[PDB]
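# Chains, contacts and geometry: an overview
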Amino acid sequence: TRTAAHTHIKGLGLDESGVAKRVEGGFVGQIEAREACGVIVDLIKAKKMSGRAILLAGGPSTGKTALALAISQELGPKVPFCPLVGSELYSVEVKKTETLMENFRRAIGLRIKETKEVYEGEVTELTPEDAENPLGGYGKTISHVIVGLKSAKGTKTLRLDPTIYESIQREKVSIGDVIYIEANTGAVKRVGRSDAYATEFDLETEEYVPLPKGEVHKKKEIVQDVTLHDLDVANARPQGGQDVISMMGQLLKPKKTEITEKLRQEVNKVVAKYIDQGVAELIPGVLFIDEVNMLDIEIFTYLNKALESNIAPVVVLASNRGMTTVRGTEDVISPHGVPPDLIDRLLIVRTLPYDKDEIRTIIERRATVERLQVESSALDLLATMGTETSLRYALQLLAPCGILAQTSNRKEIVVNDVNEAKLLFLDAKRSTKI
Amino acid sequence: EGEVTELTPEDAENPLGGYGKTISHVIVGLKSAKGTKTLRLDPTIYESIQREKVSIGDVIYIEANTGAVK
Amino acid sequence: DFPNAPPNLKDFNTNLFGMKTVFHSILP
Amino acid sequence: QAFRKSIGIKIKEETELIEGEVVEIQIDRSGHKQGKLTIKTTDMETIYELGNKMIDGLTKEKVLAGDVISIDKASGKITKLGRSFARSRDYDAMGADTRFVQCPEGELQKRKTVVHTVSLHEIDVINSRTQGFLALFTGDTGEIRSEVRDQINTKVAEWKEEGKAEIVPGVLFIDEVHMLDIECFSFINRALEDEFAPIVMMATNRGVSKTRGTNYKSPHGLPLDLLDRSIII
Amino acid sequence: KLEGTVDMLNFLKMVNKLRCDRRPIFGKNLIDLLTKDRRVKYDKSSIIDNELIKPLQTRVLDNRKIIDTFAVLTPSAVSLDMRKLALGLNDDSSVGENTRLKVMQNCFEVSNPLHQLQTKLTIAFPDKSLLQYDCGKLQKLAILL
Ligand SMILES: Nc1ncnc2c1ncn2[C@@H]1O[C@H](COP(=O)(O)OP(=O)(O)O)[C@@H](O)[C@H]1O
Ligand SMILES: [Mg+2]
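Residues numbered from 1 in each chain as written, not as in the entry; some residues may be left out. Chains lettered and ligands numbered in written order. Part of a larger assembly, values for the part shown. Heavy atoms only, no water. Residues with missing side-chain atoms left out of burial classes, pairs and counts.

- What the entry reports as its method is cryo-EM, with 4.4 Å given for the resolution.

### Structural notes on the overall build of chain D
- Along the backbone of chain D there are seven helices and 11 strands.
- In terms of its C-alpha atoms, chain D occupies a principal-axis envelope of roughly 85 × 45 × 35 Å. (Helix = DSSP H or I, 4+ residues; strand = E, 2+ residues; numbered from the N terminus.)

### Observations concerning the packing of helix α11 (residues 376-388) of chain A against helix α12 (residues 391-407) of chain A
Residues and elements named next belong to chain A.
- Taken N-terminus to C-terminus, the directions of α11 and α12 make an angle of 140 degrees; their axes are 7 Å apart at the nearest point. Here α11 is positioned oblique relative to α12, judged by the angle of their axes. For the pair formed by α11 and α12, the contact residues are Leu382, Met385 and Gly386 on the first element and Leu391, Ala394, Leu397 and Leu398 on the second.
- Here the residues of the contact of α11 with α12 sort into six nonpolar, one polar and no charged. (Axes fitted to C-alpha atoms, helices over the stretch in contact; angles between N-to-C directions. Parallel < 35°, antiparallel > 145°, perpendicular 65-115°, else oblique. Contact = heavy atoms within 4.5 Å. Nonpolar A, V, L, I, M, F, W, Y, C, P; charged D, E, K, R; others polar.)

### Quick notes on the site of ligand 1
- The immediate surroundings of ligand 1 are formed by 18 residues, with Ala5, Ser61, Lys64, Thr65 and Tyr354 of chain A found nearest.
- At the site occupied by ligand 1, nearby residues are drawn from chains A and D.
- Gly63 of chain A places a polar main-chain atom, nitrogen or oxygen, 3.4 Å from an oxygen atom of ligand 1.
- Here an oxygen atom of ligand 1 and a side-chain polar atom of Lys64 of chain A are 2.5 Å apart.
- Residue assignment for the shell around ligand 1 shows that the elements contributing at least two residues are β2 (27-28) and α2 (64-75) of chain A. (Near = heavy atom within 4 Å. Polar contact = N/O pair within 3.5 Å; in protein donor to acceptor, adjacent residues only side chain to side chain.)

### Here we look at the interface of chain C and chain B
- Counting residues at the interface gives five residues for chain C and four residues for chain B.
- Taken together, both faces of the contact between chain C and chain B bury some 360 Å²; the carbon and sulfur share is 60%.
- On inspection of chain C and its partner chain B, the count reaches zero salt bridges.
- Among the residues making up the side of chain C that touches chain B, the classes are represented as two nonpolar, three polar and no charged. (Buried area = accessible area lost by both parts, 1.4 Å probe. Salt bridge = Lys/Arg side-chain N within 4 Å of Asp/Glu carboxyl O.)

### Concerning the arrangement of the chains
- Comparison of the eight pairs of chains in contact shows the highest number of contacts for chains A and D.
- Without any contact between them, chain A and chain B keep their closest C-alpha atoms 21 Å apart.
- Taking C-alpha atoms only, the smallest gap left between chain C and chain E, which are not in contact, amounts to 22 Å.

### Describing the packing of aromatic side chains
- One pass over the structure, following the stated rule, counts two aromatic pairs over all chains.
- Centre to centre, the rings of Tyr19 of chain B and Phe23 of chain C are 4.2 Å apart; their planes meet at 25 degrees, and the pair counts as stacked. With one member in each of two chains, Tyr19 of chain B in the loop between β1 (2-11) and β2 (23-32) and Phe23 of chain C in strand β1 (residues 21-26) form a pair that bridges those chains. Here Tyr19 of chain B and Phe23 of chain C have matching classes, each one buried.
- Ring geometry for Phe137 of chain D and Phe26 of chain E: centres 6.2 Å apart, planes at 25 degrees, overall stacked. Here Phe137 of chain D is found in helix α4 (residues 132-138), whereas its partner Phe26 of chain E is found in the loop between α1 (2-20) and α2 (28-35) on a different chain.
- Residue class for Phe26 of chain E comes out buried when judged on its relative accessible area of 18%. (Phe/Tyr/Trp six-rings, centres within 6.5 Å; stacked < 30°, edge-to-face > 60°. Buried < 20%, exposed > 50% of the residue type's maximum accessible area, 1.4 Å probe, protein only.)

### Considerations on the pairing of strand β13 (residues 286-290) of chain A
All names here are of chain A.
- The element β13 is extensively covered by neighbouring structure, given that five of its five residues are classed as buried.
- In β13, alternate side chains face the same way, and those of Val286, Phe288 and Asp290 on one face and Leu287 and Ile289 on the other are all buried.
- Sheet topology places strand β4 (residues 81-85) next to β13; five bridges connect them, and they run parallel. Paired with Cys82 across the two strands is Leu287, which belongs to β13.
- In this structure, β13 lies alongside strand β14 (residues 314-319), joined through four bridges in parallel fashion. The partner of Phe288 across the bridge, within β14, is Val316.
- Read from β13 through helix α8 (residues 297-306) to β14, the crossover connection turns out right-handed. (Pairing = 2+ DSSP bridges. Right-handed = clockwise from strand over helix to strand, strands pointing away.)

### Regarding the environment of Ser246 of chain A
- Following the sequence through the fold, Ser246 of chain A ends up in helix α6 (residues 244-251).
- Put simply, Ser246 of chain A and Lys150 of chain A are 96 residues apart on the chain and 42 Å apart in space, counted from C-alpha to C-alpha.
- Beyond its immediate stretch of four places on either side in the chain, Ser246 of chain A contacts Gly240 and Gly241 of chain A together with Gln57 of chain E.
- Looking at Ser246 of chain A, its side chain comes within polar contact range of the main-chain nitrogen of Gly241 of chain A, at 2.9 Å.

### Here's the deal with the state of the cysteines
All names here are of chain A.
- Evaluation of the coordinates by the stated rule reveals zero disulfides over all chains.
- For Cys82, which is in no disulfide, the shortest distance to another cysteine sulfur is to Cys37 and amounts to 19 Å.
- When its relative accessible area of 9% is taken as the criterion, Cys82 is described as buried. (Disulfide = S-S within 2.5 Å.)

### Some thoughts on the pairing of strand β5 (residues 109-131) of chain A
Residue and element names in this part refer to chain A.
- Pairing between β5 and strand β12 (residues 280-283): four bridges, direction antiparallel. Along β12, the bridge assignment pairs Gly109 with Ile283.
- As judged from the 11 bridges shared by β5 and strand β11 (residues 217-227), these two strands associate in the antiparallel manner. From the neighbouring strand, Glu114 faces β11, where its bridge partner is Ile222.
- Pairing between β5 and strand β8 (residues 177-182): five bridges, direction antiparallel. Along β8, the bridge assignment pairs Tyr119 with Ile181.
- For β5 and strand β6 (residues 141-151), the ladder comprises eight bridges, and the chain directions are antiparallel. Opposite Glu129, over in β6, you have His144 as the bridge partner.

### Details of the interface of chain A and chain D
- Opposite the 44 residues of chain A that make contact, chain D presents 41 residues.
- Both sides together, the interface formed by chain A and chain D hides about 3,900 Å², and carbon and sulfur atoms give 55% of it.
- When the buried area of chain A at its contact with chain D is split by residue, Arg2, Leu203 and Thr205 of chain A rank highest and sum to 19% of it.
- At the surface where chain A touches chain D, the tally comes to four salt bridges.

Put into structure tokens, the structure is as follows:
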């Protein structure tokens, strides 16, 4: 129901072993930028390089941010994408470098694929089997504990390691409870009374859960996605409980802290260990920093160092500026807002302005997105105005035109409504004139 | 407010009436410049009395607004 | 048991796994 | 934080409760204990059988006869609403905990759903720390983690997909926008474009003046990129 | 007596009305609803996170040897009364006697894993290695042997 500024951007719209179609995925034109984004996306999917920088350079409205959104969608939600604005780096609780490093490590992702075998049942039989004592002593010995489990269209009786007794004691399973038991771990959890005994007592505080479906033995593969920043935050934070450390943590508000290099190296080491064990996979991801002009010179120098880091994502930067002094410098007039040192480490891609037909196609597709109907003459007038003042100006004037048409009980936009909106809402140029 | 003269905690008329200690109302006798009055108090007010460590002869001060004993 | 003696059977199974009124109230 | 305050989330909660004045409680204990309980309303009376955990909760709440209590059959939590008026005479001074309420009417077991209006900023603050609801008033909330905000967006989307939560977008009004800095405007340029961005109205009185944080004059003190995405009245 | 009981009933009525008027801004049910962890249970919880994520307490516990080896310095000057005077638990503090005793009992019952750091930084007790090191001649004997 919402209509954001980029809802039409469904993807880059390339074809296998080919190029960008003229109109596909909501984009129109900008073929070169889409092809460059496609090759960059393929490189990122290759997952074999680190610290590759691209700069979306172009005039305002030229689709820079739309192109970053296209990259994000093309990689999909499975690849961890971390949008960020250059203004966001200037925190008050920590230094800028800390925020940049946290974002850098936030962009990298880890995928853990674990398969587990589990039995899960209400409990029926519970009978230990006596066996001869190797040490004698006239004592009563058991060699297995026997459990019977019921499930929809399933039942089995299991002989278990006697050690289960201690688990069963701790869990305090009773007959008629629904329990979770791990095939290799010997761990047990109970979660339920079966709904079949919910009628035995009119009142009971515990929650009765439906009996498990399927065969009692079920094999499930669980996939989880995590980021290095999440891991660091979890490891840098107290567990949380009744101990005094948690008490002083509750007293003092948790502010951001400079996570030491030791913790980062420890996290990297444990991640490497578990990856070598074969359970986890690494996903680099993309960190898009819009309005890269807003970064200070110190942030640029740390990017200079951080791009050389052995583990870093692919950074996409956008800039709408021309020849302006780099922030944090007094007399360094440089192309875009990027200082020359960072320019040497990045790649620039151009985003061309738009023609009349391109503006018209963009306007008609945007109107299609907003569930509006427009006449051909109204479309021509709208495109003329967009070429007269601004494209985004027309794309914003679209909605009040629809409201004005609705006020006339009409389901289609007419030139009169367009002129009415033009009179009501002034553009940037006409306001500058006043 | 006044000076405590008596403090005779009472249990419920039946042991099955309550839980554990089964302490019922407490009777307190206060003395002032204009006379004396015997009050019947909730067990919560008795708990407040126990918290404040009040003995016979101590000048006390009970707020019926909140049940706070000073 | 320490003198190499077996325990009670019901106690054995209970340790392996692990009437009168007491409170009546009515409003007068 | 200002932007999220301008968006509200209307969330529906379904509650099932039993409320009534307990008439008689009889508990027998050896083995596990068993007992029977009777709860009446203004137009109903019923005898119930109590499980061990229900009896444990009753004992730990120290409920007596004539008390109006509420039990959530999902969790069994027992809350003492208050005492009857008939027991008011029994004391001269009353504790802070005591309350006098009437006996509830109607059926003993009732189903009720309640709609709650909570802003996104409030949800983020609540879900950030263990005591964020105090920071919702104190204002010492700090810079919430971005991963928390993304998770909250995902959760709100999940609720909306399941149909139990509704979004009520609002209007953000910024007085004297020329008091902002260039960094704030550069952030706003992207921030206006989020799917959950509200509708922002901006009021200014300065004409062609010098933008704060820059060394040049501007048509209204705002960068041209922001004016591009702004219609001027 | 009847006038007194009428006044008492009026006061009780007003107090009860004021006590029932108490309301929360956000109910604890609302707090739970906005705080509830969606539908996540231990059925689909990742076991690997118990080793990948190690809190500060288990890190203090596991690294016992380094803490024992490298905690050497002790405070130059201390004043023992500041330990209890800082928290207001002294006998002549403004904190109430019952509350003070309750706080003391809670502190006694609470568990702290950082005790080892406290006891190492309290007294610089030398270990069994010093008998190797205190005598240079014993050092030479060790190497020669
Ligand atoms: N090639 C394009 N295809 C479709 N829409 C576009 C395109 N370029 C720009 N737009 C429209 O304009 C906006 C994108 O502008 P943006 O990428 O932010 O440029 P800039 O970063 O220069 O301001 C979007 O709201 C979108 O509707
Ligand atoms: Mg942009």
